[PDB]
Every structure is written in structure tokens, then in C-alpha cells.
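K.L.:
Pasting an experimental structure with its sequence.
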Amino acid sequence: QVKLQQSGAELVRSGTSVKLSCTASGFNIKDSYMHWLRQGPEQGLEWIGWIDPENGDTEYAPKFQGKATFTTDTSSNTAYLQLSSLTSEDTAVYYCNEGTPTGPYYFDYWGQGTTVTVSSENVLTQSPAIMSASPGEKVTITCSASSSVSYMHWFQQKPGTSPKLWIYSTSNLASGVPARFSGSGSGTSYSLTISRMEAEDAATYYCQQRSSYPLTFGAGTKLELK
């Protein structure tokens, strides 16, 4: 079993720097690219960048260029994220994420997250921001992009857990996703549908495009059980 274990919560004062770590187990980080993301209080996901643990190539989202620094220790199979000049604005849950390096994004692992509390672009639009459904109802959520994207991916997130790959490459279900779910679309318009809602489907759903940097997510659709 693959596990990405992150370091514990950090309580820091504005102005300082932290270094978080993420150690993989049952997977060699060198085999793909380690992504670092952050989920703010508003619960929106932001991509920070990736590092190629094999040759140290890195790609930082422009917003984090300068603020973040990725380094690795392949010997221990660990990736580090160093944030600088923290401000109250950086208070968030930081995640490390690694999945399929090429081709269909069929596998994906997330760290459990590290909460850092600071003491003082292809924009995707999801609709609707929130909705309610009773088990048995049909559900259709959309996600439109600013510029055409090759594929669209979807992640489901329940309260207190990290995101879980749900649908990859527009219409393929991730491992363990029930058949009642389906995805589709093309160009700049995509959607996720649930034929018949189940109580267990209530969660927040995010669409993500991996076609251009910085990778972006939709703000999410909270699907509440009615």
C-alpha cells in the first residue's frame, strides 16, 4: 500500500519560514513528480508546483515563485516544501501529491496534509457552488474552463480527508468509483453526473485541468444530502 506521510501541524509567527516534509512508502518518489498544493480556509485548492525527484527539475506556479522551494532526499524517499516569509494569508493545509507521470492519470496519492497556522492561468468555473439532493435523484455538476483543455479530472473530498481522484481523463472512473458516476465534455465545458444519488455521495467535488501550468481547480461544488 502506498502512503504519503506528511509532517505535523506547525504554529508559526508571521515573517518566518517552515519546511514541511512528505515521505512516501510503497512508492518511489523518483518515479514521478511530487506536487505540492494548499487548501485555504475558503476551502479552495491552489497548486504550488512540482519537483522531479530524479533530476531536481521544478515547476512553481507563478504565485509561489520565490515563496516556495522544493528539495528532495531520495535516500529517505522524502520531499520537502519550504515556505518563506509566511503571513496570515498562508495559513492553510499543505498537501504533497503524486500520481501517474504520463498518459492517463489513473493513479493518484495524497499526503494527509500539514496544517500551518501563521500567528500575526486557465480559470475553471464550477456550477453550482452548492446544491442539495435526496438519494435517488439525478445530479449534474459542470465545470467550464477559460481556454480549451485536453481533459478534465475530478476529485471528491469529504470533510476532514484529503481529495480523492474520482474521474480521470474526462470520463474514466478512478479505482473504486461506483458506476453511477460518469464524466464528459470537451473543449471548455465538462460535467460530472450521478445517475442516482446515494447518501454516501454527498461531498465536495473539484474539477482540475492538468493541461497547462499552473494546474488549476474549480472552486468546488458542495453536494449536500437533502
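P.N.:
Cool, the structure landed. Numbering: from 1, shown residues only.
K.L.:
contacts and neighbour counts: CA atoms only from here.
P.N.:
OK.
K.L.:
List the contacts of the most far-flung residue of the chain relative to its centre.
P.N.:
In the chain, residue 136 marks the outermost C-alpha relative to the chain mean, sitting 28.6 Å out by C-alpha atoms, centre = their mean. When contacts are counted by C-alpha atoms under 8 Å, 6 or more residues apart in numbering, residue 136 touches 196-198.
K.L.:
next one: residue 142
P.N.:
126-128, 189-192.
K.L.:
So it versus residue 46, what's the distance?
P.N.:
19 Å (C-alpha to C-alpha, to the nearest Å).
K.L.:
before we move on, back to that, write a PyMOL command that selects only the buried members of the contacts of residue 136.
P.N.:
The buried residues among the contacts of residue 136 can be selected in PyMOL (16 or more other C-alpha atoms under 10 Å) with this line:
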select buried, resi 197+198
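K.L.:
Sitting in helices, which of the contacts of residue 136 do you find?
P.N.:
Among the contacts of residue 136, no member falls in helices (DSSP state H).
K.L.:
closest to residue 13 among the contacts of residue 136?
P.N.:
Set against residue 13, the nearest of the contacts of residue 136 by C-alpha to C-alpha is residue 198 (43.8 Å).
K.L.:
Return the backbone torsion pair for that closest one.
P.N.:
Dihedral pair for residue 198: phi -120, psi 150, per degrees, to the nearest 10.
K.L.:
Then residue 200?
P.N.:
Per-residue torsions, residue 200: phi -70, psi -10 (degrees, to the nearest 10).
K.L.:
Many thanks, have a good one.
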